[PDB]
Structure formats: structure tokens, C-alpha cells
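Coordinates as given in work-v9.cif (mmCIF, C-alpha atoms (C1' of nucleotides)):
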```
data_final
#
loop_
_atom_site.group_PDB
_atom_site.id
_atom_site.type_symbol
_atom_site.label_atom_id
_atom_site.label_comp_id
_atom_site.auth_asym_id
_atom_site.auth_seq_id
_atom_site.Cartn_x
_atom_site.Cartn_y
_atom_site.Cartn_z
ATOM 1 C CA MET A 1 0.000 0.000 0.000
ATOM 2 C CA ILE A 2 3.048 2.224 0.218
ATOM 3 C CA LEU A 3 3.374 2.070 -3.563
ATOM 4 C CA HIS A 4 -0.013 0.950 -4.751
ATOM 5 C CA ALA A 5 -1.086 4.197 -3.153
ATOM 6 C CA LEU A 6 1.515 5.918 -5.309
ATOM 7 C CA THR A 7 0.672 3.986 -8.449
ATOM 8 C CA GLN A 8 -2.944 4.796 -7.624
ATOM 9 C CA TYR A 9 -2.486 8.417 -7.829
ATOM 10 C CA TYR A 10 -0.179 8.435 -10.787
ATOM 11 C CA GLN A 11 -3.168 6.829 -12.445
ATOM 12 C CA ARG A 12 -5.225 9.666 -10.928
ATOM 13 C CA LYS A 13 -2.995 12.644 -11.748
ATOM 14 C CA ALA A 14 -2.312 11.207 -15.185
ATOM 15 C CA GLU A 15 -6.104 11.168 -15.541
ATOM 16 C CA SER A 16 -6.834 14.434 -13.730
ATOM 17 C CA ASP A 17 -4.799 16.157 -16.465
ATOM 18 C CA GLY A 18 -2.459 17.337 -13.732
ATOM 19 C CA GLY A 19 0.509 16.955 -16.053
ATOM 20 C CA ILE A 20 2.496 13.995 -14.770
ATOM 21 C CA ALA A 21 5.133 12.262 -16.877
ATOM 22 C CA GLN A 22 3.335 9.885 -19.212
ATOM 23 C CA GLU A 23 4.533 6.276 -19.219
ATOM 24 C CA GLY A 24 8.033 6.917 -20.528
ATOM 25 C CA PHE A 25 9.146 10.283 -19.278
ATOM 26 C CA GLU A 26 10.210 12.392 -16.327
ATOM 27 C CA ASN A 27 9.811 16.005 -15.252
ATOM 28 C CA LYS A 28 13.567 16.428 -15.283
ATOM 29 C CA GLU A 29 14.942 19.741 -14.054
ATOM 30 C CA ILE A 30 16.852 20.684 -17.212
ATOM 31 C CA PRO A 31 18.766 23.871 -16.377
ATOM 32 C CA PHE A 32 20.573 24.850 -19.592
ATOM 33 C CA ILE A 33 18.429 23.787 -22.545
ATOM 34 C CA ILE A 34 20.337 23.920 -25.849
ATOM 35 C CA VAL A 35 18.981 25.580 -28.991
ATOM 36 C CA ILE A 36 19.967 24.323 -32.436
ATOM 37 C CA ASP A 37 18.731 24.937 -35.954
ATOM 38 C CA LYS A 38 17.160 22.366 -38.266
ATOM 39 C CA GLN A 39 20.587 21.029 -39.333
ATOM 40 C CA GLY A 40 22.818 21.387 -36.273
ATOM 41 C CA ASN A 41 24.380 24.819 -35.838
ATOM 42 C CA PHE A 42 24.054 25.555 -32.140
ATOM 43 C CA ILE A 43 21.866 28.623 -31.759
ATOM 44 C CA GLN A 44 21.619 29.442 -28.063
ATOM 45 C CA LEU A 45 22.265 27.901 -24.657
ATOM 46 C CA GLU A 46 19.161 29.080 -22.852
ATOM 47 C CA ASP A 47 18.955 28.555 -19.103
ATOM 48 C CA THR A 48 15.486 27.692 -17.844
ATOM 49 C CA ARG A 49 16.482 28.510 -14.255
ATOM 50 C CA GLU A 50 15.441 31.244 -11.765
ATOM 51 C CA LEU A 51 13.263 29.771 -9.030
ATOM 52 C CA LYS A 52 13.471 29.672 -5.205
ATOM 53 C CA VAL A 53 16.490 31.389 -3.626
ATOM 54 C CA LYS A 54 18.781 28.455 -4.424
ATOM 55 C CA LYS A 55 18.468 28.633 -8.173
ATOM 56 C CA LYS A 56 16.989 25.214 -8.818
ATOM 57 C CA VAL A 57 18.392 23.968 -12.026
ATOM 58 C CA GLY A 58 15.842 24.410 -14.751
ATOM 59 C CA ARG A 59 12.232 24.468 -15.759
ATOM 60 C CA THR A 60 10.992 20.916 -15.359
ATOM 61 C CA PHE A 61 10.856 19.700 -18.942
ATOM 62 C CA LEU A 62 8.982 16.433 -19.177
ATOM 63 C CA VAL A 63 11.726 14.631 -21.080
ATOM 64 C CA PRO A 64 12.537 10.924 -21.641
ATOM 65 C CA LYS A 65 13.184 9.241 -18.332
ATOM 66 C CA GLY A 66 16.570 9.272 -16.657
ATOM 67 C CA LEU A 67 18.051 5.841 -17.252
ATOM 68 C CA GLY A 68 19.843 5.499 -13.913
ATOM 69 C CA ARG A 69 23.389 5.389 -15.196
ATOM 70 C CA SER A 70 25.084 4.568 -11.898
ATOM 71 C CA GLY A 71 28.133 2.519 -12.737
ATOM 72 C CA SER A 72 31.804 2.328 -13.573
ATOM 73 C CA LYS A 73 30.954 2.119 -17.266
ATOM 74 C CA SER A 74 28.278 4.756 -16.701
ATOM 75 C CA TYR A 75 29.079 6.394 -20.026
ATOM 76 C CA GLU A 76 27.240 3.758 -22.056
ATOM 77 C CA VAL A 77 23.809 4.552 -20.646
ATOM 78 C CA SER A 78 23.342 7.962 -22.276
ATOM 79 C CA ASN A 79 19.846 9.399 -21.674
ATOM 80 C CA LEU A 80 17.932 9.876 -24.898
ATOM 81 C CA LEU A 81 18.124 13.530 -25.939
ATOM 82 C CA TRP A 82 18.792 15.295 -22.643
ATOM 83 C CA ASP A 83 21.637 14.211 -20.532
ATOM 84 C CA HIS A 84 24.469 16.203 -19.147
ATOM 85 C CA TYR A 85 27.107 18.793 -19.905
ATOM 86 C CA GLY A 86 29.373 15.749 -19.986
ATOM 87 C CA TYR A 87 27.049 13.812 -22.259
ATOM 88 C CA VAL A 88 26.007 16.622 -24.580
ATOM 89 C CA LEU A 89 29.295 18.471 -25.067
ATOM 90 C CA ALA A 90 31.832 15.884 -23.893
ATOM 91 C CA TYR A 91 32.768 18.649 -21.448
ATOM 92 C CA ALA A 92 33.881 17.262 -18.088
ATOM 93 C CA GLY A 93 33.701 19.820 -15.310
ATOM 94 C CA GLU A 94 35.424 17.485 -12.862
ATOM 95 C CA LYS A 95 35.054 13.986 -14.350
ATOM 96 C CA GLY A 96 37.850 14.281 -16.911
ATOM 97 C CA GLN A 97 37.711 13.278 -20.553
ATOM 98 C CA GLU A 98 37.199 9.655 -21.643
ATOM 99 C CA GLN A 99 34.706 9.696 -18.808
ATOM 100 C CA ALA A 100 32.879 12.521 -20.564
ATOM 101 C CA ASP A 101 33.886 11.806 -24.148
ATOM 102 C CA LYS A 102 32.887 8.164 -23.794
ATOM 103 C CA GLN A 103 29.649 9.568 -22.413
ATOM 104 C CA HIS A 104 29.471 11.731 -25.520
ATOM 105 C CA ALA A 105 30.558 8.736 -27.590
ATOM 106 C CA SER A 106 27.376 7.043 -26.328
ATOM 107 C CA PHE A 107 25.053 10.029 -26.102
ATOM 108 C CA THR A 108 25.839 10.731 -29.746
ATOM 109 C CA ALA A 109 25.377 7.013 -30.317
ATOM 110 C CA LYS A 110 22.011 7.178 -28.552
ATOM 111 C CA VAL A 111 20.856 10.149 -30.623
ATOM 112 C CA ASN A 112 22.038 8.588 -33.874
ATOM 113 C CA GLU A 113 20.490 5.175 -33.230
ATOM 114 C CA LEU A 114 17.351 7.162 -32.531
ATOM 115 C CA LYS A 115 17.819 9.074 -35.795
ATOM 116 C CA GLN A 116 18.163 5.867 -37.807
ATOM 117 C CA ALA A 117 15.043 4.598 -36.030
ATOM 118 C "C1'" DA B 1 -2.520 30.128 136.468
ATOM 119 C "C1'" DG B 2 -5.826 31.199 132.100
ATOM 120 C "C1'" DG B 3 -6.641 34.401 129.614
ATOM 121 C "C1'" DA B 4 -7.982 35.949 124.178
ATOM 122 C "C1'" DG B 5 -4.252 37.162 119.543
ATOM 123 C "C1'" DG B 6 -9.264 38.722 114.676
ATOM 124 C "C1'" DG B 7 -13.873 38.828 113.018
ATOM 125 C "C1'" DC B 8 -15.075 40.751 107.781
ATOM 126 C "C1'" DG B 9 -14.884 42.248 103.370
ATOM 127 C "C1'" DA B 10 -13.833 44.520 100.182
ATOM 128 C "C1'" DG B 11 -8.572 43.947 96.867
ATOM 129 C "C1'" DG B 12 -10.919 47.126 90.902
ATOM 130 C "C1'" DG B 13 -14.023 50.148 88.386
ATOM 131 C "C1'" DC B 14 -13.196 51.886 82.865
ATOM 132 C "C1'" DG B 15 -11.774 52.984 78.714
ATOM 133 C "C1'" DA B 16 -7.953 53.086 75.724
ATOM 134 C "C1'" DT B 17 -2.997 48.753 73.631
ATOM 135 C "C1'" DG B 18 -3.424 52.799 68.632
ATOM 136 C "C1'" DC B 19 -3.438 56.536 64.698
ATOM 137 C "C1'" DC B 20 -0.892 57.407 59.771
ATOM 138 C "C1'" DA B 21 1.797 56.542 55.616
ATOM 139 C "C1'" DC B 22 5.465 53.859 53.506
ATOM 140 C "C1'" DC B 23 7.209 48.023 52.359
ATOM 141 C "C1'" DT B 24 9.918 50.451 47.626
ATOM 142 C "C1'" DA B 25 13.166 52.840 43.885
ATOM 143 C "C1'" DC B 26 16.311 51.285 39.292
ATOM 144 C "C1'" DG B 27 18.517 48.311 35.779
ATOM 145 C "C1'" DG B 28 20.614 44.313 34.184
ATOM 146 C "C1'" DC B 29 19.016 37.708 33.713
ATOM 147 C "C1'" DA B 30 22.989 38.046 29.494
ATOM 148 C "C1'" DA B 31 27.594 37.540 26.243
ATOM 149 C "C1'" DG B 32 29.511 33.820 22.548
ATOM 150 C "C1'" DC B 33 30.968 30.006 20.614
ATOM 151 C "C1'" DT B 34 29.181 25.292 19.132
ATOM 152 C "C1'" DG B 35 24.169 22.183 17.867
ATOM 153 C "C1'" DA B 36 28.563 18.418 15.568
ATOM 154 C "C1'" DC B 37 32.177 15.357 13.283
ATOM 155 C "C1'" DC B 38 33.062 10.296 10.205
ATOM 156 C "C1'" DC B 39 30.676 6.553 7.576
ATOM 157 C "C1'" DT B 40 26.727 3.768 5.924
ATOM 158 C "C1'" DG B 41 24.332 4.320 -1.238
ATOM 159 C "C1'" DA B 42 22.377 2.473 -5.758
ATOM 160 C "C1'" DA B 43 24.443 0.313 -9.428
ATOM 161 C "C1'" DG B 44 27.589 -1.142 -11.837
ATOM 162 C "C1'" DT B 45 32.061 -2.898 -13.008
ATOM 163 C "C1'" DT B 46 36.538 -4.372 -11.840
ATOM 164 C "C1'" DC B 47 39.571 -7.264 -9.897
ATOM 165 C "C1'" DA B 48 41.346 -10.627 -7.231
ATOM 166 C "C1'" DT B 49 40.498 -14.838 -6.423
ATOM 167 C "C1'" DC B 50 38.573 -20.224 -7.365
ATOM 168 C "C1'" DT B 51 37.036 -23.990 -9.453
ATOM 169 C "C1'" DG B 52 37.207 -26.723 -12.775
ATOM 170 C "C1'" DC B 53 39.378 -28.016 -16.997
#
```

Final C-alpha cells representation of the file:
Amino acid sequence: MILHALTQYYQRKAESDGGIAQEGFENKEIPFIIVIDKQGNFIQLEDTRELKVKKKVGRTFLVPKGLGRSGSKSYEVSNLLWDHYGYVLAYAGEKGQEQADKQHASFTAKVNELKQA
DNA sequence: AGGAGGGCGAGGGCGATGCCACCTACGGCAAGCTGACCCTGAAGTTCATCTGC
């Protein structure tokens, strides 16, 4: 009943049109949404921030669910089209390259294997 | 010698034993610090080790 009372309001909020992530997604707090054109060509790095006094990182975009990377070979997991400044740019703030480029070697792989599909 | 050595009844009566106010003033009852270190995680892989080959 701890969780069937949580499942049984997901099925209520998903049906009260309350705007809960629908069956494959997650209201992830995406702080620094990227803008690109129709053929690449990075346009703008908008930040969807500015909330309560500790600037919580992003407007909650209801994006494909976080895949729970959590491992030594965490780079392979590569969330679908939103991941990380280490997964999107291969830029490692503190994780070092080949732990952010291999992330980007898989995030690009994820996007491409989506593109082919 | 044999005396008698007080008998009586009073020993307070009356009222007052306080009146007046004051019984505090002032201000301070804190300052300053700390209220915790450390870890213990999911999840996954590696890596050292074991068993079997």
C-alpha cells in the first residue's frame, strides 16, 4: 500500500490532467536547454532557471526518463536527448575526458540510433 | 494560772494597647561560541580470487 497508493495516484494525476510524466518520461529539471537549428548549428544555450532562492536547475521539462546510469561504465547509458554537460558536449567539469567523451561517444550514439530509427 | 491574739470584706471600676503613611526605587538575567564530526548508497564494473578443466 506504500506504492499501490503511489501507483494509484499516478493513475489519478495522469487522468486528472495534472501533467504527470506519461509512461516513458520524467519532469527532469533541465537547467541549460540547448537551442539548435534544423541542421545542427548551435543557436543558443538558454537557461530555464530562476526559481526559489537556491536557483533550482531548470524548468521541469517532461523529457525521456533518466536511465539510472550509476556505474563504472556509466558512459554507455546515455539518456535519450537530454543528458548532461558531460554527455552533450563531452565537457567534463570534474570527471575528466574519456569519462565525458565516452559519455558523448554514447550520447551521440544514442541520438544517432534514434535518428536511424 | 488562764486568759484571748481577729472577726469581715472589700482587693478594681473603665476605657484606651493605637493613629498614619510607607514596604519600595532602578537596571541588568545576558555575552559567545558550538548544535557536531566520520561513515553507511544504488548500481555497476573491476579485480582478485577459485574452481574446474

Contact check, chain A to chain B, at most 10 Å, counting only C-alpha atoms (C1' of nucleotides), closest pairs as a tab-separated table:
```
residue	atom	partner	partner_atom	distance
A:68	CA	B:43	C1'	8.3
A:69	CA	B:43	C1'	7.8
A:70	CA	B:43	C1'	5.0
A:71	CA	B:44	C1'	3.8
A:72	CA	B:45	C1'	5.3
A:73	CA	B:45	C1'	6.7
A:74	CA	B:44	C1'	7.7
```

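When all atoms listed in the file are used to compute distances to residue 32 (chain A), the closest of the residues A:66, A:96, A:86, A:58 turns out to be A:58.
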
Please provide the set of residues having any atom within 6 Å of residue 25 (chain A), restricted to only C-alpha atoms (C1' of nucleotides), with same-chain residues fewer than 3 positions apart removed, written as a ChimeraX atom specification.
/A:21-22,63-65

Interatomic distance (Å, one decimal) between CA of residue 106 (chain A) and CA of residue 87 (chain A)
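CA of residue 87 (chain A) lies 7.9 Å from CA of residue 106 (chain A).
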
Distance of CA of residue 104 (chain A) from CA of residue 50 (chain A), expressed in Å to one decimal place:
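Going from CA of residue 50 (chain A) over to CA of residue 104 (chain A), I get 27.7 Å.
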
Measuring between all atoms listed in the file, which one of A:34, A:107, A:62, A:94 shows the shortest distance to residue 19 (chain A)?
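Between A:34, A:107, A:62, A:94, the residue approaching residue 19 (chain A) most closely is A:62.
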
Running the PyMOL selection byres ((chain A and resi 29) around 9) on this model by hand, what would come out? Give it as a ChimeraX atom specification.
/A:27-28,30-31,48-49,56-62

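Proximity ranking of A:6, A:35, A:100, A:53 relative to residue 76 (chain A) places A:100 first, based on all atoms listed in the file.
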
How many Å separate CA of residue 75 (chain A) from CA of residue 90 (chain A)?
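Interatomic distance, CA of residue 75 (chain A) to CA of residue 90 (chain A): 10.6 Å.
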
Ranking A:92, A:67, A:81, A:3 by minimum distance to residue 108 (chain A) and counting all atoms listed in the file, which one comes first?
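When distances to residue 108 (chain A) are compared using all atoms listed in the file, the smallest one comes from A:81.
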
Quick one: axis-aligned box around all listed atoms of region 19-35 of chain B, 3 Å on every side, centre and edge lengths in Å to one decimal, written as JSON.
```
{"center_x": 13.8, "center_y": 39.8, "center_z": 41.3, "size_x": 40.4, "size_y": 41.2, "size_z": 52.8}
```

Nearest residue to residue 79 (chain A) out of A:111, A:5, A:105, A:20, using all atoms listed in the file?
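The answer is A:111, which sits nearest to residue 79 (chain A).
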